Structures are given as C-alpha cells and as structure tokens.
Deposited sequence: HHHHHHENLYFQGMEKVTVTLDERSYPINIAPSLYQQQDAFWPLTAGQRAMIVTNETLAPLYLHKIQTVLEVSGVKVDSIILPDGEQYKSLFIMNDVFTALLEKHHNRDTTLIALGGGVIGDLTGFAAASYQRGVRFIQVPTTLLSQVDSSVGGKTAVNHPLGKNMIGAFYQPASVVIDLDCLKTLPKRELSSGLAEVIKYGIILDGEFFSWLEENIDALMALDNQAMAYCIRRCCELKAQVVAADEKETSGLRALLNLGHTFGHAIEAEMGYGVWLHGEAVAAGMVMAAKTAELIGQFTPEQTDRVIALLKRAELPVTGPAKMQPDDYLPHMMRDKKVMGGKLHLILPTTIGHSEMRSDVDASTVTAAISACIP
C-alpha cells in the first residue's frame, strides 16, 4: 500500500512517502517543480539501475537535471569527495535555489546531506534512500556528515530534508545481506521502544524477507515514526533518550573495528551486539532468558548472526568499548546504564562465543 510519515523536528516538517513504483508518480519528487534545477548524487552501483529513470521523470516535469556519479564505498564519504560535488554544482552554475537529490544508501545520503547543508550555506535536499537501513535510519534525525581519518562522521551538520522518497521497488535489487542488515535496525526499534511492533515483526518477518509491499511499507513507516518520536523528545540530546538508538552498537562497533570494512556489515554486528546487550541485562539481574531468547529467535529469522566472530576473543572487544551500554529492560523498553563492570560485559560476550 502507500504509507506516509510526516516528520516535524526543529520547527521543520517534511513528508516521507513509501510505495511500490513511487518514482513514477506525479509530484513524487515534490517539492521540486517545473523550471527548477536538481543535482542528483549517486554511486556507480545505483546509477545503471535508477539514475536514468529518475532523470526522465524529473525532466518530463520541467526540472533541469545534472548528476554526479561517485564510486561505491564508505571510503568516499570524504571531505575531498564532497568538494567534487561542489565543483560539479559550480561547473553547471547551480545557484542557491538548486536541489540536491541523494540517490543511494546512507553513504550517499550522508555525503549529499552535508553537501546540501554547506553549499552556499544551505540548499534544498531530497533523500531517495535505496537501502532498507537508510530508509529506516537515515531518513530521520537530520544527521549528515563525512569521515575524517581520525574519526567517523567527525565533520558534518544537522540538516533536514525537504522530503524523503521511498520506492519499495528499489529493494528488489538490494543484496539480501544488505536487506538483513537493515532488518537488524528494524528489530532494534521494537526492542528499545515498542514491544507491540516487536510482536508485529515476529508475526510478519517472513513477509518482510520476501519483500511483501504491505508489510514492508508499514515496517518502514513505523520505524520512521519511532525514530522521529525519540529525536523529538530530545532534539539536543538532553536526556539519554536518543542514545537508546545505540542498542547493540557498542558491542557491534568492536566487531566492525576488528573484522574490517565489509567483512561484517553494520547490521550484522548490531544483531550480535543486541544479543550481547541482552545477556548483559540478564547478568545484572534485570532481563530474563525468555526475553533474550525472543530477541535471538527473531534475529535468526531475519538471517542475522547471534554469535560473535570465532576470530575475536572477549579481550579484543573491550579496548574498542567504566563502560556505557544501552540495555533492554523489557522487549519494548530500554535504558542507558553507565558504570557496568568490564567483567560483566566479558561474561556476556563469552556467552555468545560460537
């Protein structure tokens, strides 16, 4: 079906529209209108699949389109690459009324967003996310950035899109491993914020894996709804409410750091991380094995790992991680708990060794 989320943050409002074949609808790329310009930023993987189609629809609507195609990879989320986007914009004489269109995943999304924030101190930005992860995570919060060699996402801006266009057909070309990686973050929302959504996932996860339009549209809509509610409740990260979004990410970062880029995908590491966080919550005396087993079972349904790499030992995790962890309190409720003992965390990691 067609789902729609209106997000209202920092006194902005924008729509997220979600439907199969959305790229082909009239005014799907609103607020762009006839006579205006757009610069599509995409990567070498997405370009042959969607760039021509999108350019055609925009140009039939009176919109003048330029494009820049970047290589595929996290390493291109760079200040030097963002400068090349500025060069493309300036070489084609794009003025402050241009719109940047991020056609791709979260890598493209982050780089383009920061480019839109910074070009002439801010031009309009439309997200066209093509991974499940970016549909359910990047589409809300306004975080844009590029990397520095000494820290990921260290250079950037809070900058909100004018609209987010989610055509579910784009998921038909997404590798299944990337689809599952996105579903780790989908499941996370259920654990941290909405136990009823978790139950809905238990009942519909097979349809999501099959790219069912009705399930996936609702799935995306609810994740965005949940994310927008938590960002709205602490837009300046006052409380630790936005921090809850990091369930499994402390453990997961350790895995990504030791294993290297593309070896474990982000959502795969987060999946194993959520289990380790659940086990931690059991050991401090606040979670039951039955609750943890529900998290484990559902992750396996989504074809996600629930064990750590055999290749790392527990002592390899902690240098990457006295300790601040996001822990579940129920299925549907969570907390930031600081001062967790390292031996508690290592015991939890040890319980997930294959």
Could you list the ranges of the deposited sequence that have no C-alpha atoms in the model?
1 to 12, 334 to 342
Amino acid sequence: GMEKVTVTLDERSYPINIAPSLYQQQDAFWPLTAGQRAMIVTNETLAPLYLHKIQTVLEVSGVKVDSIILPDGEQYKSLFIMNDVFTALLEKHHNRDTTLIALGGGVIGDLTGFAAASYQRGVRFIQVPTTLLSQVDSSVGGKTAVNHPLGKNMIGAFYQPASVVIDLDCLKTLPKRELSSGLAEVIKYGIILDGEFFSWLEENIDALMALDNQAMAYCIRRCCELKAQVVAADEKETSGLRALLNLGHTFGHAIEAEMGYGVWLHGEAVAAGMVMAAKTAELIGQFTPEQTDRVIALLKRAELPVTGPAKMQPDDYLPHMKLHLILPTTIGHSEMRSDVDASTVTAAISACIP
From here on, numbers count along this sequence of modelled residues.
Do the C-alpha atoms of 146 to 154 or of 263 to 271 have the higher average B factor in the entry?
263 to 271
Comparing 281 to 289 with 48 to 56, which has the greater mean CA B-factor as deposited?
281 to 289
Per the entry, which of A297, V65, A34, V41 tops the list for Cα B factor?
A297
Grab the CA temperature factor for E225 from the record and place it in the lowest, middle or highest third of its chain.
middle
Per the entry's values, where does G195 land by CA temperature factor relative to the rest of its chain, in the lowest, middle or highest third?
highest
When the modelled residues of the chain are sorted by Cα temperature factor, does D169 land in the lowest, middle or highest third?
middle
Consider only the C-alpha atoms of the modelled residues in this chain, order them by B-factor as the entry records it, and name the third containing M312: lowest, middle or highest.
highest
What third of its chain, lowest, middle or highest, does the C-alpha temperature factor of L327 fall into?
highest
